[PDB]
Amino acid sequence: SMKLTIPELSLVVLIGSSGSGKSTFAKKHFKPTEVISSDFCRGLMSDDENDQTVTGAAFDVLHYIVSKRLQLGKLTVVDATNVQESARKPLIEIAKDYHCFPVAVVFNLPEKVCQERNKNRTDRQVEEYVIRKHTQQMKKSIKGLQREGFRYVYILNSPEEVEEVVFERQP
C-alpha cells in the first residue's frame, strides 16, 4: 500500500488531466460531500455543459464553496484538473486563509492512459487535444508544487500506485 498522510483539516487538491481518474479516485477515497468538482460548479451556472462563458463564475463559485467548507473546518477535496498554476494559487490561499494544509495529489499518469480512458468514457468526453495539453501542464507543475505552498506533495506515478493509495488522516 502507499500510505499518504493527510491532516484531518486538509484541502486536498487533485491534480491531473481529464481522464486521469480524479473523480473516480475522489469517490473511492472521500465522502461525496467532501468533494467539490468543477463539473458540479459549472452545472450550477448552466445546464449547457459546453458553455465556456460560465467557466469564470464556476471557478469563483468553486472557490467560494471551498472557502466556506474550510472555514467550517471541513476537509475538502477539489476535483478539478488543477494543472494550471493560476488555478492552484487561489486554492492555496484559501487553505492558508483558514489554516488548513493544502495537499497536492498528482495523477502523474502517461497521456496515453488518460486518452484511452477518455475514449472509453460513457458519461462525458473531452477532445484529445484537451488531454494532451492537460498532461503537459500537469508535468510542468510537479517540481514547483511544494514551493507553491502545498504542505504535502504526493505524486502518484502509475495506475498501480494510484490503486494502492490509502489515506491516513492521522493529524
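In this text, residue numbers run from 1 along the sequence as written.
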Comparing mean C-alpha B factor in the record for 32-40 and 138-146, the higher one is 138-146
The stretch whose C-alpha atoms carry the larger average B-factor in the entry, 60-68 or 112-120, is 112-120
One of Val153, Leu9, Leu156, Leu14 has the largest Cα B-factor in the entry, namely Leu9
Here the Cα B-factor of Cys100, set against its chain, lands in the third termed highest
Chain thirds by Cα B factor, record data; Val130 belongs to the middle
Tertile call for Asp79 (CA temperature factor, within chain, third-based) is the lowest
